[PDB]
Amino acid sequence: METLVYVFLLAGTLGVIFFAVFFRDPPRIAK
Amino acid sequence: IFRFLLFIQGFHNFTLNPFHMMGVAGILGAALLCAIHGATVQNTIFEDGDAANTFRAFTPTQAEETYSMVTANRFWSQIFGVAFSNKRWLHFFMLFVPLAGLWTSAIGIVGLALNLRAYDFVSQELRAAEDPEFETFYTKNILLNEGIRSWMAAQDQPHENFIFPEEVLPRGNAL
Amino acid sequence: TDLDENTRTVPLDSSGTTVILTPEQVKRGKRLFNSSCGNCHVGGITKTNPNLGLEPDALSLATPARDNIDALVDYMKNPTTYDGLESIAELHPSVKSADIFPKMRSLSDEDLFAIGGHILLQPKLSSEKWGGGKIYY
Amino acid sequence: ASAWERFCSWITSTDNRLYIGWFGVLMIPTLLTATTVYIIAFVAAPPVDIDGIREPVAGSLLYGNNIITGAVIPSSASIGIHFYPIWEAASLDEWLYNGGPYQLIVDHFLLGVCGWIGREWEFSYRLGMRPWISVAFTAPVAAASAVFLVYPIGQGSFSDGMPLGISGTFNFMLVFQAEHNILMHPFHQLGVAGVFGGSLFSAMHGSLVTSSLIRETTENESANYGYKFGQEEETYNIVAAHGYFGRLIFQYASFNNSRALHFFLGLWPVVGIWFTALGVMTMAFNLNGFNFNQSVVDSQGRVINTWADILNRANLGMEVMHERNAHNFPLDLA
Amino acid sequence: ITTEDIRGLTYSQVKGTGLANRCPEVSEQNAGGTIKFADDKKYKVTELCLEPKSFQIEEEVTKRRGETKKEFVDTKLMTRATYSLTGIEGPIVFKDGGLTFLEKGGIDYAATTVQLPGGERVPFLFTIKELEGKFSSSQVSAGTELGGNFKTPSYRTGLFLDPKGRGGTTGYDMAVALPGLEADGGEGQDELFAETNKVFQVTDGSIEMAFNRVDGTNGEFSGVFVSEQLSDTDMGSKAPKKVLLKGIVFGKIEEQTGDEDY
Amino acid sequence: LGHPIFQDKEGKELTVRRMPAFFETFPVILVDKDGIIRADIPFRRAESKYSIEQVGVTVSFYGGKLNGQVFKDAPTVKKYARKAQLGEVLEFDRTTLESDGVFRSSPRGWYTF
Amino acid sequence: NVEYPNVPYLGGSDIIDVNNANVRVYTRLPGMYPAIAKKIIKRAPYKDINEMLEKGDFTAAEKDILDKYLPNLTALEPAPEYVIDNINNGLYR
Amino acid sequence: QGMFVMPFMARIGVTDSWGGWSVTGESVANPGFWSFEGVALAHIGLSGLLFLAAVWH
Amino acid sequence: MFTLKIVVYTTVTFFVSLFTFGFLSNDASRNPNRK
Amino acid sequence: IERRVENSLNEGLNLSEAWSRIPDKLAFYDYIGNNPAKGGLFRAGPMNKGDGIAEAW
Amino acid sequence: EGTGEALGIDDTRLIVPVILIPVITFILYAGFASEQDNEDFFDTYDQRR
Amino acid sequence: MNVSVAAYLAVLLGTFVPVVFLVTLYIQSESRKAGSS
Ligand code: CLA
Ligand code: CLA
Ligand code: CLA
Ligand SMILES: CC(C)=CCC/C(C)=C/CC/C(C)=C/CC/C(C)=C/CC/C(C)=C/CC/C(C)=C/CC/C(C)=C/CC/C(C)=C/CC/C(C)=C/CC1=CC(=O)C(C)=C(C)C1=O
Ligand SMILES: CCCCCCCCCCCCCCCC(=O)OC[C@H](COP(=O)(O)OC[C@@H](O)CO)OC(=O)CCCCCCCCCCCCCCC
Ligand code: HEM
Ligand code: OEX
Ligand SMILES: [Cl-]
Ligand SMILES: [Fe+2]
């Protein structure tokens, strides 16, 4: 049952990484 | 200091301490930040001269950035997915990582002062006690710690007058 | 303490006579031991056959007893098994087998004397290190 | 105007979110394979007979491990450094018994990080930026090859490579110290200098840049917003930081040149990690750290201990207790 | 593979091909012989090689905690190519009403492991150590069978240490990682006595080799065997499981030279 | 359970050396009055000199609920040597809280931490 | 085996249990290690030391050595855990 | 055993496992890809692909 | 086992050939300073 | 089950033999604990969590 | 393993992909190559694609 | 594995509470940015 928690936490970290890479705030130059 | 490192490992199992883990994370991440920042800045420099050796093409008092933040951002964004876009954030991060590592590891050593040590995982100790075929690298580390303690105590703590015969010293087959 | 003569006096013969090694003798003996037999006999042990070490207990209980200079020196030229019934000159470095053991070719009688002096001097230097092994490193 | 030309343009395109390039062609499949097999073997994999003595060691979460104790166990010592793909096993079950996933993951991952070095070079060429970020990356990769590949080659067994876990990493450390005395080996000391100095210079450089930030922000606003991305002007006063650091120690020590400063920042940790990776590579072939044991003796000639001897006691305890059932002979020559 | 063919191959050809684990056989061309045991001549076995080709384990039919019904099951090998036993040799003597082979040497054991359906691993020591085989005649020929019982030693010896440093001949005599459990004065760690008390227990097995080819020129014979034994017990912690091996056998009978020193 | 006096085979009083706080696991050695090692619980039984079997030891309990009891078998001597390593020997209930046999820290240590 | 009452006779006491003792212990008794101990361990299980002297195939000099060291020798019940490790128990130095 | 969703796999074909067992009780020697584990992994992969398609749309 | 071997050989050869003939397709010209 | 044992009895078998021929699975179905109309709204988990794991008949 | 086959090719089947896939890639690359200006140049690299 | 039982609550809630705090701080801020325009 702890394998459920470990897997969920690792998958959540991977999901945060995915969303940070692909749904980042796009860099743009100010004016 | 090397003897202190191995003593603390053998008697406290300080590698298993999560605060030590956070500290070594801070140290290695700070070295990583130093290396990547140096390489990135030296490799996105603007062409401010006609000499192949580009160190002389910088003036201390210039009010112009000597390297391209935009090009570095593009490089690291399309290589690594994310990249710094703000110099001030970058340089505060370079500060925060090693400092946070040192303070975290300080918490762990303060814990070790009172023998409040993340020595063992009780679940695996009980399972290995009841299951003599259950082996993990954690258990091998515990055996190594026992070896360190028993084979080090006699000469490392001479005031205790530890006389451990060869019978009681924890050993392995052959060596 | 200095390297006094009490440390440097070692048994010479089987009857009980002693001999006081000179500092040159013990220096040469240490160098010769480390160069000619240290590879197997570092620390008074036997790497190839740890059942039989160079500690004084093993040498005294050997047949003939090897806890003296003459007996050790004879072993360096007429090596035998621990019970002294078979010759192991073909498997042990000996001055009579130096062609197949090229380290024993240059040793003279004084060199063998110095090596035996080093062997008998060592146990006086440490209570358990000579022939003790890893446990007393 | 040819299909191959369009394919090459797409591969070498600077418009993809993540650059692929020709090195990425080799990196992405290899790294994805390594990631997939590592995740699958870490969550669920049978115990592995690492030492070749029919004593399996558990490393997977499903077999009673946590994230700290979990690992992909090194290959069996019976295999040695023989190539052990899936097709060289009589069955997949006995492929997993002898730790084949470690070989798969290590090979694919090493190829992938080599591809990462090359891909870092490549993007820079497309960017028009100077090369060498790639050269800095090599130092981390060199260490990874030293621990995962070169140490098995020197010792002659993939069982000797570092386990792909946290507790197994500590085990590999302790056994390496027991067998080689890495702490006294000067290349590891150079690596320790490299990482400690990297942390020191990172903290120092960040502190001085953050300390001399030019006022471009109101009091109810984060100072970081005083910098606008892509601006032409410097975001901090180099003169102020340089003068402060000169007064702190002495004028000559400070790096008045910023490019030299950043070269030094990139140089110190990269050279330190190169040296420690090379040190592990050399101790793979058993050129160990210094052995000052019994180096001080009195006039009689009896050993007066030093800190080297007390360190030797810990090394000896680890040596005797490591792999208790694997050794049948007194010397640990393998 | 015949012995004449093994001599033809060099080590470079045989290495890494799996032919070293394979038991030889007597050729059909060289067969129909009779290895007669002349009186006033002491004979002995040599090169008695046994390759098991099928491994079966007596597994319970259900995971019920009180399951008494068990059926043998097919198994697949985790270990690869270490199963065969080679070089077994022994004196042939008139111990009892007929001839008997006494096992006294050779590789004569293999610490193999198999996995059953469902994923459970059974290690066992396939061995014929201390065998007392009885020939079914006074002469080895096609149809003659040699069979008897043997004593299988423990899979782990006393010097083996468990993951918590406990063994038979050595190791801790307690669960050192639970000092609070040993702190109790009433029972202490008595619950863990079965796992802490490592016991070397020698089990029993039987083998029935049946020789289908025999040659009088070389003294060689070959055939098939079925053997029954018990699996690993982990120094008494586990309950042994019955292992039924079947496979092929090669061997030779020669005259005692006086230098064997049996 | 009282004080476990360790009367050796002749009758000399052995004492189990106490566990220092630093050591998670400490060898069980029974030092003499002057403290030369007399008996111990060996790790390697082969070629054992100071085994309690060879020397011979008996545990006589004085005080407590186990008062006036003289155990003289080697196993029961070893079991109480393991207890005497931890100071005074006590009986424990490990079922009310389902205790797992690993020591904890008092409120003193937790406050300090 | 957390209990083995015949430990003292495994090489640590003045008496040696012949049946399940390693060869190394015979280094303690002069003149018996390489040759006599080999024949002692060859036919290891003995009912008693008398059966050892009758069964061991010793030569006359070997019998003389054994007559010297008779009181240092005994023959208890063979222990399989110790008989298997009678020539090499992993105890080197 | 409270197996809710597995019977729906077993209802229309998927009666085997990669672990070498079957719901019918027989022992599988060479299970195919479309076992319980393979079906589960296929559903997870389809979930990921559908998530990516949702992002694109 | 052989099927997996030939599949892996196919995949490895495919990607290695792509790498090989891609870097051989005038990769040096693919820089922003061309012309 | 009754008709099975009845035709077994008509075949000359006795009660012991006749009932021994009834498979354990069929006898297991003839048990109220297997009834779906015996559980509860908040008695959660496998059916084995209630009466237990059936071992034998 | 450890047999010494050239490129691990123990079965002759393994060669079919190993030789053909480069050949299809070579054929696709040739269409690119034949379109290029293949005369010599005096430069560190070719700027013509 | 004889693991603790409140450790489930500890891990899950110590992950949940900061995570929802961060998500709320992000959503609030965005909402405000949208409302300004
Ligand atoms: C990746 C590997 C790794 C890494 C990166 C670290 C990182 C760390 N370990 Mg280590 N450690 C490791 C593996 C690793 N460890 C292993 C495997 C073990 C087990 C064997 C240990 C055992 C261990 C212990 C036991 C301890 C650490 C500690 C530390 C910290 C040291 C901080 C520091 O810079 O101190 C350097 C010291 C200082 C910064 C103090 C001030 C220094 C002043 C400013 C010096 C001024 C000098 C002056 C100019 C005069 C010079 C004179 C000249 C002649 C020399 C840090 C987090 C320590 C810790 O956690 O502390 C909280 C600690 O006590 N580790
Ligand atoms: C404070 C004390 C201290 C310190 C500062 C260090 C410092 C170091 N030790 Mg340690 N060590 C210590 C104590 C200490 N040690 C003690 C007490 C011992 C004795 C037991 C040892 C024994 C020891 C050994 C035996 C070894 C070290 C090594 C090292 C180095 C590790 C870092 C490295 O090389 O990274 C460099 C970078 C890497 C290794 C990482 C590679 C990164 C790859 C290329 C990419 C990975 C990608 C990833 C998988 C996916 C990304 C995910 C994405 C989503 C972002 C470093 C110099 C190791 C070393 O030098 O290795 C060469 C080593 O082998 N130490
Ligand atoms: C309609 C679809 C459906 C059906 C018929 C079943 C059926 C089953 N599931 Mg379930 N399950 C489902 C969907 C379904 N599941 C889903 C979508 C999930 C993912 C979360 C799960 C996850 C799941 C697990 C993890 C497990 C089961 C198990 C089981 C079995 C026991 C059921 C039980 O104990 O319920 C108990 C139900 C209750 C106590 C509540 C029922 C009454 C109502 C609905 C409560 C509503 C409360 C309401 C929302 C207010 C809450 C307020 C809040 C503030 C607290 C049974 C075969 C067990 C099993 O045997 O697995 C092998 C098991 O361990 N299921
Ligand atoms: C099945 C599975 C998944 C298996 C997993 C099993 C496994 C063992 C799990 C691992 C568990 C794990 C994740 C645990 C980690 C726990 C741990 C110890 C955490 C430490 C946390 C902690 C609080 C530590 C405090 C110290 C701390 C703050 C460290 C942070 C480290 C950190 C992130 C450093 C930065 C690293 C990094 C990669 C930087 C990249 C920066 C980069 C993109 C440069 C960009 C850049 C540079 C320029 O120079 C310029 C100019 C520009 C423009 C520019 O852009
Ligand atoms: C083809 C191969 C592609 C592989 C790509 C993989 C890339 C991996 C992406 C990681 C980034 C994660 C999000 C970081 C957070 C993030 O969104 O940062 C984005 C941030 C952007 O900062 P800006 O400068 O835009 O911010 C200025 C503002 O903050 C104003 O103050 O850039 C960085 O700081 C990233 C540098 C650290 C990058 C390393 C992050 C740590 C990685 C560790 C991940 C944990 C692994 C555990 C798994 C269990
Ligand atoms: C100067 C040269 C050497 C000297 C003086 C020397 C000394 C001795 C002595 C005194 C013994 C007997 C120990 C005892 O009785 O307990 C011995 C035994 C032995 N030595 Fe050496 N030795 C030398 C070189 C070596 C080397 C280099 C090796 C191996 C590489 C070696 C291997 C042996 C062996 C195998 C025995 C035989 C013991 C036996 O079978 O009884 N020795 N040595
Ligand atoms: O396995 Mn890993 O490890 Ca390198 O040493 Mn020899 O073998 Mn074992 O011992 Mn110490
Ligand atoms: Cl070995
Ligand atoms: Fe900067």
Side-chain angles (χ1 to χ4, degrees), chain B residues 1-12 14-15 141 143-160 162-166 168-172 174-175, chain C residues 34 38-39 41-45 47 50 53 122 125-137, chain D residues 170-189 192 279 282-283 286-298 301-324 327 330-333, chain F residues 22-23, chain G residues 92-93:
Chain B
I1 284 283
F2 303 153
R3 62 180 295 275
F4 183 73
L5 291 164
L6 293 189
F7 172 86
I8 294 288
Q9 165 52 43
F11 282 83
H12 304 283
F14 191 47
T15 44
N141 300 354
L143 288 167
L144 291 175
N145 293 356
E146 297 169 2
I148 294 161
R149 283 199 303 278
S150 291
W151 285 70
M152 188 169 180
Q155 287 83 0
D156 183 39
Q157 292 159 236
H159 58 274
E160 300 290 346
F162 289 133
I163 296 146
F164 298 159
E166 299 157 23
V168 299
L169 277 172
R171 224 182 205 273
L175 62 80
Chain C
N34 293 335
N39 311 95
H41 272 294
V42 47
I45 76 192
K47 280 199 190 301
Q122 291 337 100
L125 302 180
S126 60
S127 64
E128 271 155 321
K129 264 172 201 283
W130 186 249
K134 301 169 188 180
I135 311 97
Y136 313 88
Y137 280 177
Chain D
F170 308 149
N171 195 246
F172 173 88
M173 290 206 149
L174 298 188
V175 173
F176 206 108
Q177 177 54 27
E179 299 181 10
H180 304 288
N181 204 353
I182 177 148
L183 280 163
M184 291 286 278
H185 189 74
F187 281 27
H188 177 270
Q189 300 170 14
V192 173
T282 56
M283 278 147 319
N286 312 316
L287 183 56
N288 294 329
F290 305 128
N291 192 309
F292 304 120
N293 305 311
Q294 310 200 349
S295 278
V296 178
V297 282
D298 66 347
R302 41 189 306 182
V303 171
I304 306 304
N305 282 342
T306 59
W307 286 118
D309 301 55
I310 307 305
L311 186 74
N312 207 61
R313 298 300 305 173
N315 294 351
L316 206 68
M318 300 190 280
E319 192 225 321
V320 297
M321 286 302 296
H322 87 278
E323 303 166 16
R324 63 211 173 281
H327 302 98
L331 297 175
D332 201 1
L333 308 177
Chain F
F22 277 59
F23 298 91
Chain G
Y92 287 101
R93 200 22 159 168

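Only heavy atoms go into these numbers, but all of them, side chains included; no hydrogens, no water, no symmetry mates. Throughout, a chain's letter reflects where its sequence line sits, starting with A, and its residues are numbered from 1.
Panel note: side chain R302(D), backbone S126(C); no donor-acceptor pair is recorded below 3.5 Å. Checking side-chain atoms of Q177(D) against main-chain N and O of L183(D) turns up a donor-acceptor pair under 3.5 Å. The main-chain N or O of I310(D) is never found under 3.5 Å from a side-chain atom of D156(B) such that the two would form a donor-acceptor pair. Under the 3.5 Å distance criterion, the side-chain polar atoms of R313(D) are matched with a main-chain donor or acceptor of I135(C).
Note that CG of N312(D) and CD of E319(D) are 9.0 Å apart. Values are rounded to the nearest 0.5 Å. Atom OG1 of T15(B) and atom CG of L5(B) lie 11.0 Å apart (nearest 0.5 Å). With values rounded to the nearest 0.5 angstrom, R149(B) atom CZ is found 11.5 Å from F162(B) atom CZ. The CG atom of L311(D) sits 13.5 Å away from the CZ atom of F4(B) when rounded to the nearest 0.5 Å. In this structure, CG in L144(B) is found 9.0 Å from CD in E323(D), a value given to the nearest 0.5 Å. For the atom pair CG (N141(B)) and CE (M321(D)), the distance works out to 11.5 Å, reported to the nearest 0.5 Å.
Remark: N305(D) engages no residue in a side chain to side chain donor-acceptor pair (under 3.5 Å) (not counting sequence neighbours). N286(D) is linked by a side chain to side chain donor-acceptor pair (under 3.5 Å) to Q155(D), counting only residues two or more places apart in sequence or in another chain.
When all heavy atoms of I182(D) and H188(D) are compared, the pair lying nearest together is O-CB, 3.2 Å. Closest approach of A174(B) to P330(D), counting heavy atoms only: CB-N, 4.3 Å. Heavy atoms only, all atoms of each residue included: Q155(B) and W151(B) are closest at OE1-O, 3.9 Å. The minimum heavy-atom distance linking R93(G) with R171(B) is given by the pair O-NH2, 3.1 Å. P170(B) approaches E146(B) most closely through the heavy-atom pair CG-O, 4.0 Å.
At a threshold of 4.5 Å between non-hydrogen side-chain atoms, the residues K129(C) and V303(D) count as touching. No side-chain heavy atom of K47(C) sits under 4.5 Å from any side-chain heavy atom of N39(C). Side-chain atoms of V175(D) and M318(D), non-hydrogen and from C-beta on, never get closer than 4.5 Å to each other. Side-chain atoms of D332(D) and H322(D), non-hydrogen and from C-beta on, do get closer than 4.5 Å to each other. A heavy-atom distance below 4.5 Å is found between the side chains of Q189(D) and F2(B). Counting heavy atoms from C-beta outward, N315(D) and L6(B) have side chains that approach closer than 4.5 Å. In this structure, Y137(C) and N293(D) have side chains that are not in contact, with every pair of non-hydrogen atoms separated by 4.5 Å or more. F292(D) places a side-chain heavy atom less than 4.5 Å from the side chain of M184(D).
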Next on the checklist: Could you walk me through whether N288(D) and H185(D) satisfy the side chain to side chain contact (heavy atoms under 4.5 Å, CB included) test, starting with their C-alpha distance in whole Å, then the side-chain angles of each, then the deciding distance to 0.1 Å, before giving a yes or no?
Outcome noted: CA-CA 7 Å; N288(D) 294 329; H185(D) 189 74; 5.9 Å; no
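For the residue pair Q294(D)/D309(D), the side-chain donor-acceptor check at 3.5 Å is not satisfied. Under 3.5 Å, the side chains of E166(B) and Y136(C) contain a donor-acceptor pair of N or O atoms.
When ring centroids are compared, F14(B) and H12(B) stay outside the 6.0 Å threshold.
By the 30° and 60° cut-offs, the orientation of the rings of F164(B) relative to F23(F) is perpendicular.
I304(D) CD1: more than 12 foreign heavy atoms inside a 6.0 Å radius.
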